[PDB]
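Novice: this one is an experimental structure. Sequence first:
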Amino acid sequence: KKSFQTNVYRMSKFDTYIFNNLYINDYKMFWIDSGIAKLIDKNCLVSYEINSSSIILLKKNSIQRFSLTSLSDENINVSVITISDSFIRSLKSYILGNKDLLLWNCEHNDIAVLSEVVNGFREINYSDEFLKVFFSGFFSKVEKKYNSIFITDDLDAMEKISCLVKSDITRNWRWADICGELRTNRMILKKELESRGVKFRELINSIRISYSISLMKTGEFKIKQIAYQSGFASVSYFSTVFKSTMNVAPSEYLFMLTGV
Ligand SMILES: CCCCCC/C=C\CCCCCCCC(=O)O
């Protein structure tokens, strides 16, 4: 359970959630509990319908640009599972021998286990062993259904940059700071941002927004405090960037962390 952080979001009939420059702090996976939805991937310029068996995987350190639109006349619950790095590396272990958004059409076996994870393991209490072989076997499969490895040699350049920023979120980050800390020139590091279609400012802001989300999940409701705790120079800039990224206001998202 501590290796799994889950949330459930309500989706009104035919409503749309829009994400722009959304930085994925840790591996995530989500799916709808019922009905049908339309996912539009602005990064690959593609769209497709998903059902209660479709599982979407988001790669850590990726910068997402997509929208999800309900195509159901009833409310839909979107379950989101966040996996800890400690568990992910456990998965790397059970697996021996550039796509950031992976879609997997389940065989109501995997979506059954995933549904129990969001369900807080209160109907079935899988073991560490099973969960490790399951998930490891899950990514191992989806990796084949796509371009490259979903997991990453930990010392990836983007991972180094992200961890750096997260380790001192309020520092007034500049390219010079990144190059100096990583002992690497910008000509070599710039590919990480280019391939993700973001300029330096956007990258730092994206990491700070996801950091603010993590804070709101711990039980922090004071928006004013969250703005500064997340490294933003002001509450207004935080709110502007948050709204631009999540398409909703910070306080609005916090409210969604309640659940009905
Ligand atoms: C705008 C409110 C957020 C609604 C989130 C549910 C919709 C799609 C699932 C995508 C998950 C990425 C959102 C990040 C938030 C989180 O980490 O829980």
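Specialist: That came through, no problem. Numbering: from 1, shown residues only.
Novice: near the ligand, which residues of this protein? Just list them.
Specialist: For the chain, the contact set with the ligand under C-beta under 6 Å from any ligand atom comprises 7, 9, 17, 30, 68, 78, 80, 213, 246-248, 253, 256. C-beta: built from backbone N, CA, C; applies to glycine.
Novice: give me the domain ranges for this protein.
Specialist: Using curated CATH domains, the domain parsing of the chain gives 1-151, 152-198, 199-260.
Novice: quick revisit: drop anything exposed from the residues of the chain next to the ligand.
Specialist: 7, 9, 17, 30, 68, 78, 80, 213, 246, 247, 253, 256 (16 or more other C-beta atoms under 10 Å).
Novice: could I get the residues you listed as a markdown table with secondary structure?
Specialist: A markdown table is the format used below for these (DSSP: H, G, I helix; E, B strand; the rest coil):
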| residue | secondary structure |
| --- | --- |
| 7 | strand |
| 9 | strand |
| 17 | strand |
| 30 | strand |
| 68 | strand |
| 78 | strand |
| 80 | strand |
| 213 | helix |
| 246 | helix |
| 247 | coil |
| 253 | helix |
| 256 | helix |
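Novice: quick one: which of those is nearest residue 109?
Specialist: residue 30 (18.3 Å; C-beta to C-beta).
Novice: setting aside sequence neighbours, what's the nearest residue to the closest one?
Specialist: Nearest non-adjacent residue to residue 30, counting by C-beta to C-beta, 6 or more residues apart in numbering: residue 80, 4.4 Å away.
Novice: pretty sure that neighbour is touching residue 7, no?
Specialist: Yes - assessed by C-beta atoms under 8 Å, residue 80 is found in contact with residue 7 at 4.9 Å.
Novice: please enumerate the strands of this structure.
Specialist: Here the chain has its strands, by DSSP state E, at 4-11, 16-23, 28-32, 37-41, 46-50, 54-58, 63-70, 76-83, 101-105.
Novice: need these in TSV with distance to residue 115, can you?
Specialist: As requested, those are exported to TSV (distance: least, C-beta to C-beta, whole Å):
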stretch	distance to residue 115
strand 4-11	11
strand 16-23	20
strand 28-32	8
strand 37-41	16
strand 46-50	15
strand 54-58	10
strand 63-70	18
strand 76-83	7
strand 101-105	14
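Novice: residue 162 is nearest to which of the ones you listed?
Specialist: Once the strands of the chain are compared by C-beta to C-beta, strand 16-23 is nearest, at 7.9 Å.
Novice: now do that closest one: distance to the chain's middle.
Specialist: Relative to its parent chain, strand 16-23 has a centroid offset of 10 Å by C-alpha atoms, centre = their mean, to the nearest Å.
Novice: check contacts around the closest residue in space to residue 68 that isn't next to it in sequence.
Specialist: Nearest residue to residue 68, sequence neighbours excluded (C-beta to C-beta, 6+ apart): residue 17, at 4.9 Å. Residue 17 makes contact with 11, 67, 68, 69, 247, according to C-beta atoms under 8 Å, 6 or more residues apart in numbering.
Novice: what does residue 100 give?
Specialist: Contacts of residue 100 by C-beta under 8 Å, 6+ apart are 24, 43, 58, 59, 62, 63, 64.
Novice: contacts for stretch 62-74 next, please.
Specialist: 11-24, 34-43, 49, 58, 76, 78, 100-101, 196-198, 203, 206.
Novice: give me that answer again for 7 Å
Specialist: 11-24, 35-43, 49, 58, 76, 100-101, 196-198, 206 (C-beta atoms under 7 Å, 6 or more residues apart in numbering).
Novice: distance of residue 132 relative to residue 181?
Specialist: Distance, residue 132 to residue 181, using C-beta to C-beta, to the nearest Å: 33 Å.
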